[PDB]
$ cat upload_24.json   # JSON, C-alpha atoms
[["chain", "number", "residue", "atom", "x", "y", "z"],
["A", 1, "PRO", "CA", 99.61, 114.36, 27.51],
["A", 2, "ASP", "CA", 102.45, 112.13, 26.32],
["A", 3, "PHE", "CA", 103.01, 110.79, 29.85],
["A", 4, "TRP", "CA", 100.74, 109.69, 32.70],
["A", 5, "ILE", "CA", 101.92, 109.52, 36.32],
["A", 6, "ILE", "CA", 100.24, 106.84, 38.45],
["A", 7, "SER", "CA", 101.40, 106.55, 42.07],
["A", 8, "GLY", "CA", 104.90, 107.68, 41.13],
["A", 9, "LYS", "CA", 105.29, 105.20, 38.25],
["A", 10, "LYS", "CA", 105.92, 106.91, 34.92],
["A", 11, "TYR", "CA", 104.02, 105.65, 31.86],
["A", 12, "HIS", "CA", 104.41, 106.73, 28.25],
["A", 13, "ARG", "CA", 101.34, 107.52, 26.15],
["A", 14, "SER", "CA", 102.07, 104.89, 23.50],
["A", 15, "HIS", "CA", 101.74, 101.99, 25.95],
["A", 16, "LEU", "CA", 98.40, 103.24, 27.30],
["A", 17, "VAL", "CA", 95.03, 103.20, 25.54],
["A", 18, "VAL", "CA", 93.07, 106.27, 26.66],
["A", 19, "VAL", "CA", 89.52, 106.97, 25.49],
["A", 20, "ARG", "CA", 87.39, 110.04, 26.17],
["A", 21, "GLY", "CA", 83.91, 111.29, 25.41],
["A", 22, "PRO", "CA", 83.05, 114.62, 23.78],
["A", 23, "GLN", "CA", 86.14, 116.65, 22.94],
["A", 24, "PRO", "CA", 86.36, 120.16, 24.44],
["A", 25, "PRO", "CA", 88.14, 123.04, 22.69],
["A", 26, "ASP", "CA", 91.83, 123.50, 23.38],
["A", 27, "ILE", "CA", 91.42, 126.48, 25.72],
["A", 28, "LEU", "CA", 88.94, 124.47, 27.80],
["A", 29, "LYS", "CA", 91.05, 121.29, 27.85],
["A", 30, "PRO", "CA", 93.12, 122.28, 30.94],
["A", 31, "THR", "CA", 89.92, 122.99, 32.89],
["A", 32, "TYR", "CA", 88.67, 119.45, 32.17],
["A", 33, "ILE", "CA", 92.23, 118.14, 32.75],
["A", 34, "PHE", "CA", 92.51, 116.96, 29.13],
["A", 35, "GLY", "CA", 89.51, 114.65, 29.35],
["A", 36, "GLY", "CA", 86.05, 114.17, 27.96],
["A", 37, "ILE", "CA", 83.12, 116.18, 29.26],
["A", 38, "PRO", "CA", 81.21, 113.94, 31.72],
["A", 39, "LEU", "CA", 77.56, 113.04, 31.12],
["A", 40, "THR", "CA", 76.47, 113.31, 34.75],
["A", 41, "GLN", "CA", 77.24, 117.02, 34.44],
["A", 42, "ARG", "CA", 74.45, 117.44, 31.90],
["A", 43, "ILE", "CA", 72.03, 114.85, 33.30],
["A", 44, "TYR", "CA", 71.96, 115.37, 37.09],
["A", 45, "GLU", "CA", 69.89, 118.58, 37.17],
["A", 46, "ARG", "CA", 67.21, 117.27, 34.81],
["A", 47, "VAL", "CA", 67.13, 113.95, 36.67],
["A", 48, "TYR", "CA", 66.54, 115.80, 39.94],
["B", 1, "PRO", "CA", 93.55, 70.30, 56.27],
["B", 2, "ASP", "CA", 93.72, 73.78, 54.67],
["B", 3, "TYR", "CA", 92.83, 73.16, 51.03],
["B", 4, "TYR", "CA", 90.49, 76.15, 50.79],
["B", 5, "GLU", "CA", 93.16, 78.45, 52.25],
["B", 6, "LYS", "CA", 95.59, 77.61, 49.45],
["B", 7, "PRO", "CA", 95.05, 79.06, 45.95],
["B", 8, "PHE", "CA", 92.89, 76.98, 43.64],
["B", 9, "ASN", "CA", 94.59, 74.15, 41.74],
["B", 10, "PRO", "CA", 92.37, 72.12, 39.37],
["B", 11, "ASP", "CA", 94.86, 69.23, 39.41],
["B", 12, "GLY", "CA", 94.04, 68.48, 43.06],
["B", 13, "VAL", "CA", 90.52, 67.13, 42.47],
["B", 14, "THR", "CA", 90.16, 63.58, 43.79],
["B", 15, "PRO", "CA", 87.39, 61.26, 42.55],
["B", 16, "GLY", "CA", 84.20, 61.57, 44.57],
["B", 17, "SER", "CA", 85.34, 64.78, 46.28],
["B", 18, "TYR", "CA", 82.63, 66.96, 44.72],
["B", 19, "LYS", "CA", 79.55, 67.08, 46.95],
["B", 20, "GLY", "CA", 77.41, 70.10, 46.13],
["B", 21, "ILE", "CA", 77.00, 73.87, 46.04],
["B", 22, "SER", "CA", 76.39, 76.02, 49.13],
["B", 23, "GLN", "CA", 75.27, 79.65, 49.26],
["B", 24, "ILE", "CA", 76.04, 81.98, 52.16],
["B", 25, "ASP", "CA", 74.17, 85.12, 53.17],
["B", 26, "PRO", "CA", 76.31, 88.28, 53.24],
["B", 27, "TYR", "CA", 76.02, 88.76, 57.01],
["B", 28, "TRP", "CA", 77.57, 85.33, 57.63],
["B", 29, "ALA", "CA", 80.70, 86.34, 55.67],
["B", 30, "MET", "CA", 83.31, 89.05, 56.20],
["B", 31, "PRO", "CA", 85.83, 89.92, 53.46],
["B", 32, "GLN", "CA", 89.48, 90.60, 54.22],
["B", 33, "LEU", "CA", 92.10, 92.68, 52.40],
["B", 34, "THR", "CA", 95.88, 92.31, 52.22],
["B", 35, "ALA", "CA", 98.80, 94.50, 51.18],
["B", 36, "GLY", "CA", 98.60, 93.31, 47.58],
["B", 37, "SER", "CA", 94.94, 94.26, 47.23],
["B", 38, "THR", "CA", 95.62, 97.88, 48.25],
["B", 39, "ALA", "CA", 99.13, 98.19, 46.80],
["B", 40, "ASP", "CA", 98.76, 100.45, 43.75],
["B", 41, "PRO", "CA", 96.01, 101.18, 41.20],
["B", 42, "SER", "CA", 98.22, 99.75, 38.44],
["B", 43, "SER", "CA", 97.58, 96.33, 39.99],
["B", 44, "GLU", "CA", 94.69, 94.42, 38.41],
["B", 45, "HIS", "CA", 93.54, 93.30, 41.88],
["B", 46, "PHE", "CA", 92.96, 96.76, 43.36],
["B", 47, "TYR", "CA", 90.12, 96.82, 45.92],
["B", 48, "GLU", "CA", 88.79, 93.28, 45.72]]
$ encode --input "upload_24.json" --output "structure tokens"
Amino acid sequence: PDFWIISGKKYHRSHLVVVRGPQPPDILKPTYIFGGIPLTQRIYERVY
Amino acid sequence: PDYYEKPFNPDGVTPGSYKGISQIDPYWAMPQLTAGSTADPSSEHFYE
């Protein structure tokens, strides 16, 4: 995503510094909304 | 009369004004929010 929308204010990607965890494949990126795969998702069941 | 109400200014310290340090239990205090605190997440003072 070359642009991020925050409360109606439009920000270009170059200004921002965005960091993410493990990288999903391209087909799965929209499902995760172009973000890293969260660790709670793999740890909550085993913790319980 | 309202020094603590105004924002902190280090230049306003008079000689002999420092007396000590006091600690307050949480149930004796009650925080307050303003418009600026809950304005927009782009603000660095969001929700404090």
$ residues_around --input "upload_24.json" --residues "stretch 16-20 of chain A" --least-positions-apart "5" --cutoff "8 Å" --atoms "all atoms listed in the file" --output "PyMOL selection string"
chain A and resi 11+35-36
$ closest_atom_pairs --input "upload_24.json" --of "chain A" --to "chain B" --cutoff "10 Å" --atoms "all atoms listed in the file" --output "tab-separated table"
residue	atom	partner	partner_atom	distance
A:6	CA	B:42	CA	7.4
A:7	CA	B:40	CA	6.9
A:8	CA	B:40	CA	9.8
A:9	CA	B:42	CA	8.9
$ residues_around --input "upload_24.json" --residues "residue A:1" --least-positions-apart "6" --cutoff "10 Å" --atoms "all atoms listed in the file" --output "NGL selection string"
:A and (12-13 or 33-34)
$ atom_distance --input "upload_24.json" --atom1 "atom CA of residue B:20" --atom2 "atom CA of residue B:3"
16.5 Å
$ atom_distance --input "upload_24.json" --atom1 "atom CA of residue A:4" --atom2 "atom CA of residue A:44"
29.7 Å
$ atom_distance --input "upload_24.json" --atom1 "atom CA of residue B:21" --atom2 "atom CA of residue B:4"
14.5 Å
$ closest_residue --input "upload_24.json" --among "B:14, B:6, B:48, B:19" --to "residue B:34" --atoms "only C-alpha atoms"
B:48
$ build_atoms --input "upload_24.json" --residues "stretch 6-29 of chain B" --atoms "N, CA, C and O atoms" --output "PDB file, in the coordinates of the input"
ATOM      1  N   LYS B   6      94.643  77.530  50.541  1.00  0.00           N
ATOM      2  CA  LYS B   6      95.590  77.610  49.450  1.00  0.00           C
ATOM      3  C   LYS B   6      94.900  78.074  48.167  1.00  0.00           C
ATOM      4  O   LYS B   6      93.687  77.907  48.014  1.00  0.00           O
ATOM      5  N   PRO B   7      95.647  78.667  47.233  1.00  0.00           N
ATOM      6  CA  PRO B   7      95.050  79.060  45.950  1.00  0.00           C
ATOM      7  C   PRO B   7      94.554  77.845  45.178  1.00  0.00           C
ATOM      8  O   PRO B   7      95.057  76.730  45.338  1.00  0.00           O
ATOM      9  N   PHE B   8      93.548  78.076  44.339  1.00  0.00           N
ATOM     10  CA  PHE B   8      92.890  76.980  43.640  1.00  0.00           C
ATOM     11  C   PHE B   8      93.843  76.298  42.664  1.00  0.00           C
ATOM     12  O   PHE B   8      94.580  76.953  41.921  1.00  0.00           O
ATOM     13  N   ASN B   9      93.819  74.971  42.673  1.00  0.00           N
ATOM     14  CA  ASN B   9      94.590  74.150  41.740  1.00  0.00           C
ATOM     15  C   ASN B   9      93.679  73.070  41.190  1.00  0.00           C
ATOM     16  O   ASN B   9      93.298  72.149  41.942  1.00  0.00           O
ATOM     17  N   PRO B  10      93.294  73.137  39.914  1.00  0.00           N
ATOM     18  CA  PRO B  10      92.370  72.120  39.370  1.00  0.00           C
ATOM     19  C   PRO B  10      92.934  70.712  39.389  1.00  0.00           C
ATOM     20  O   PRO B  10      92.153  69.753  39.368  1.00  0.00           O
ATOM     21  N   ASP B  11      94.258  70.552  39.428  1.00  0.00           N
ATOM     22  CA  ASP B  11      94.860  69.230  39.410  1.00  0.00           C
ATOM     23  C   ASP B  11      94.659  68.454  40.703  1.00  0.00           C
ATOM     24  O   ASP B  11      94.922  67.246  40.729  1.00  0.00           O
ATOM     25  N   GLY B  12      94.200  69.105  41.766  1.00  0.00           N
ATOM     26  CA  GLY B  12      94.040  68.480  43.060  1.00  0.00           C
ATOM     27  C   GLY B  12      92.702  67.817  43.309  1.00  0.00           C
ATOM     28  O   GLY B  12      92.431  67.412  44.445  1.00  0.00           O
ATOM     29  N   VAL B  13      91.854  67.692  42.294  1.00  0.00           N
ATOM     30  CA  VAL B  13      90.520  67.130  42.470  1.00  0.00           C
ATOM     31  C   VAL B  13      90.628  65.606  42.525  1.00  0.00           C
ATOM     32  O   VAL B  13      91.084  64.971  41.569  1.00  0.00           O
ATOM     33  N   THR B  14      90.202  65.022  43.646  1.00  0.00           N
ATOM     34  CA  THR B  14      90.160  63.580  43.790  1.00  0.00           C
ATOM     35  C   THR B  14      88.778  63.051  43.398  1.00  0.00           C
ATOM     36  O   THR B  14      87.778  63.766  43.520  1.00  0.00           O
ATOM     37  N   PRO B  15      88.696  61.815  42.906  1.00  0.00           N
ATOM     38  CA  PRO B  15      87.390  61.260  42.550  1.00  0.00           C
ATOM     39  C   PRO B  15      86.458  61.193  43.752  1.00  0.00           C
ATOM     40  O   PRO B  15      86.861  60.814  44.854  1.00  0.00           O
ATOM     41  N   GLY B  16      85.200  61.569  43.528  1.00  0.00           N
ATOM     42  CA  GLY B  16      84.200  61.570  44.570  1.00  0.00           C
ATOM     43  C   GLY B  16      84.274  62.722  45.545  1.00  0.00           C
ATOM     44  O   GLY B  16      83.491  62.752  46.502  1.00  0.00           O
ATOM     45  N   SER B  17      85.186  63.674  45.336  1.00  0.00           N
ATOM     46  CA  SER B  17      85.340  64.780  46.280  1.00  0.00           C
ATOM     47  C   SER B  17      84.233  65.818  46.133  1.00  0.00           C
ATOM     48  O   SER B  17      83.891  66.489  47.113  1.00  0.00           O
ATOM     49  N   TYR B  18      83.672  65.971  44.936  1.00  0.00           N
ATOM     50  CA  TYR B  18      82.630  66.960  44.720  1.00  0.00           C
ATOM     51  C   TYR B  18      81.337  66.514  45.396  1.00  0.00           C
ATOM     52  O   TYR B  18      80.892  65.376  45.215  1.00  0.00           O
ATOM     53  N   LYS B  19      80.736  67.409  46.174  1.00  0.00           N
ATOM     54  CA  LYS B  19      79.550  67.080  46.950  1.00  0.00           C
ATOM     55  C   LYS B  19      78.342  67.943  46.631  1.00  0.00           C
ATOM     56  O   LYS B  19      77.220  67.431  46.591  1.00  0.00           O
ATOM     57  N   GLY B  20      78.530  69.238  46.409  1.00  0.00           N
ATOM     58  CA  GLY B  20      77.410  70.100  46.130  1.00  0.00           C
ATOM     59  C   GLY B  20      77.824  71.562  46.149  1.00  0.00           C
ATOM     60  O   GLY B  20      79.010  71.890  46.221  1.00  0.00           O
ATOM     61  N   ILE B  21      76.814  72.428  46.088  1.00  0.00           N
ATOM     62  CA  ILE B  21      77.000  73.870  46.040  1.00  0.00           C
ATOM     63  C   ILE B  21      76.263  74.489  47.223  1.00  0.00           C
ATOM     64  O   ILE B  21      75.082  74.196  47.446  1.00  0.00           O
ATOM     65  N   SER B  22      76.956  75.342  47.972  1.00  0.00           N
ATOM     66  CA  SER B  22      76.390  76.020  49.130  1.00  0.00           C
ATOM     67  C   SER B  22      76.435  77.522  48.926  1.00  0.00           C
ATOM     68  O   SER B  22      77.413  78.057  48.395  1.00  0.00           O
ATOM     69  N   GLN B  23      75.373  78.201  49.351  1.00  0.00           N
ATOM     70  CA  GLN B  23      75.270  79.650  49.260  1.00  0.00           C
ATOM     71  C   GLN B  23      75.193  80.243  50.654  1.00  0.00           C
ATOM     72  O   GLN B  23      74.527  79.695  51.538  1.00  0.00           O
ATOM     73  N   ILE B  24      75.881  81.365  50.850  1.00  0.00           N
ATOM     74  CA  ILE B  24      76.040  81.980  52.160  1.00  0.00           C
ATOM     75  C   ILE B  24      75.516  83.403  52.107  1.00  0.00           C
ATOM     76  O   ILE B  24      75.864  84.164  51.198  1.00  0.00           O
ATOM     77  N   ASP B  25      74.677  83.758  53.078  1.00  0.00           N
ATOM     78  CA  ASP B  25      74.170  85.120  53.170  1.00  0.00           C
ATOM     79  C   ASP B  25      75.307  86.085  53.486  1.00  0.00           C
ATOM     80  O   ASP B  25      76.296  85.707  54.118  1.00  0.00           O
ATOM     81  N   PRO B  26      75.195  87.342  53.048  1.00  0.00           N
ATOM     82  CA  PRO B  26      76.310  88.280  53.240  1.00  0.00           C
ATOM     83  C   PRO B  26      76.672  88.531  54.695  1.00  0.00           C
ATOM     84  O   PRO B  26      77.849  88.771  54.992  1.00  0.00           O
ATOM     85  N   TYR B  27      75.707  88.483  55.613  1.00  0.00           N
ATOM     86  CA  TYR B  27      76.020  88.760  57.010  1.00  0.00           C
ATOM     87  C   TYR B  27      76.707  87.597  57.714  1.00  0.00           C
ATOM     88  O   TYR B  27      77.183  87.775  58.840  1.00  0.00           O
ATOM     89  N   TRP B  28      76.774  86.420  57.091  1.00  0.00           N
ATOM     90  CA  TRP B  28      77.570  85.330  57.630  1.00  0.00           C
ATOM     91  C   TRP B  28      79.024  85.374  57.169  1.00  0.00           C
ATOM     92  O   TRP B  28      79.846  84.608  57.685  1.00  0.00           O
ATOM     93  N   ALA B  29      79.356  86.245  56.220  1.00  0.00           N
ATOM     94  CA  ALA B  29      80.700  86.340  55.670  1.00  0.00           C
ATOM     95  C   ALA B  29      81.277  87.728  55.919  1.00  0.00           C
ATOM     96  O   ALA B  29      80.545  88.713  56.048  1.00  0.00           O
TER      97      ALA B  29
END
